[PDB]
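Each reported figure results from applying straightforward, stated rules to the coordinates on display, with no laboratory input. Quick reminder, even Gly has a Cβ in these numbers, built from the backbone with ideal geometry, and neighbours come from all protein chains shown.
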Amino acid sequence: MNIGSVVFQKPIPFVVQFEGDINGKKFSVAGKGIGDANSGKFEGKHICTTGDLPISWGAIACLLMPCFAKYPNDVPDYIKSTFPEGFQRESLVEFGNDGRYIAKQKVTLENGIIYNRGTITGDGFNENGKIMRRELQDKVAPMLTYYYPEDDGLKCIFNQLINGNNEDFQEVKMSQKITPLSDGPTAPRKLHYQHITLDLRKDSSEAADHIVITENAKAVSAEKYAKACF
Ligand SMILES: [Cl-]
Ligand SMILES: [Cl-]
Ligand SMILES: [Cl-]
């Protein structure tokens, strides 16, 4: 029995706070939403409080809470087991023929609200590229992500494809490391996958530069994934 399973048994509001600096361009994002780990759906609206986001929203979409993923019982939920204290995650995000950035974030539970507080720092992006000129669509293709133990944390590796405006795609390569914020007991770290679909949309009434992320994440054991029907 893992304690985190009880806190996420009902939908929980969440708050996202990000500070960024990519190619010397500083930005700040503030968002809020709701996550339901019973369904694996969590949806939030995020606004760039410093003006316009210097990069395509899709490039930071899945950094703006894998604790909300729907985990079956035949998969040990390590991420939820780190609660109530929470977890931290470091990410190396590399874009094909463009730059890279590093993010560090801490996902905590405070007064019954999930807080995703993170920081992004990157450089080497093409100033005439579709990322920094924001010519990519706000559309991200479906994903499968790999989870597996490494050292004393849970490592996650996966790719992302952001649609371009001319039948092209932008490659996103991510390498993440999840570790607990406390030295308390956690669930087993075992190989498994997450099936994620993102839908980025805009609010007509919102004047600020923003994005509305509808995410549906489900965990799959390696035995059930191998026996999959599509
Ligand atoms: Cl941080
Ligand atoms: Cl870097
Ligand atoms: Cl570790």
Is it true that residue 53 is aliphatic (A, V, I, L, M), away from ligand 2 (no atom under 16 Å from the Cβ) and in a loop (DSSP other than H, G, I, E, B)?
yes
Out of all the residues in the range 99-120, which are more than 12 Å from ligand 2 (Cβ to nearest atom), of a type in the set (A, V, I, L, M, F, W, C) and crowded, with 17+ Cβ neighbours inside 10 Å?
107, 109, 114
One residue is enough: does the range 84-92 have a residue meeting the conditions outside any loop (DSSP other than H, G, I, E, B) and more than 16 Å from ligand 1 (Cβ to nearest atom)?
no
Top-ranked residue in the range 1-16 [being buried (at least 18 other Cβ atoms within 10 Å of the Cβ) and either of a type in the set (A, V, I, L, M, F, W, C) or part of a strand (DSSP E or B) (or both); ranked as nearest to the chain's Cα centre (by Cα)]
16
Just need a number here: residues in the range 196-230 that are under 16 Å from residue 76 (Cα atoms) and surrounded by 12 or more Cβ atoms within 10 Å (Cβ to Cβ).
8
Looking only at the range 1-41, which residues are aromatic (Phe, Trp, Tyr) and within 17 Å of residue 85 (Cα to Cα)?
8, 14
Taking the condition out of contact with any helix residue (DSSP H, G or I) (no Cβ under 8 Å at 6 or more places or on another chain) and either in a strand (DSSP E or B) or within 16 Å of ligand 2 (Cβ to nearest atom) (or both), does residue 61 pass?
no
Select from the range 130-157 the residues that are surrounded by 15 or more Cβ atoms within 10 Å (Cβ to Cβ), closer than 27 Å to residue 211 by Cβ and basic (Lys, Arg) and list them in ascending order.
130, 134, 139
Could you run through the range 17-37 and say how many residues are over 20 Å from the mean Cα position of the chain (by Cα) and among the hydrophobic types (A, V, I, L, M, F, W, C)?
0
Yes or no: the range 191-213 includes at least one residue that is farther than 21 Å from residue 18 by Cα, of a type in the set (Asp, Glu) and out of contact with any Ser or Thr (no Cβ under 9 Å at 6 or more places or on another chain).
no
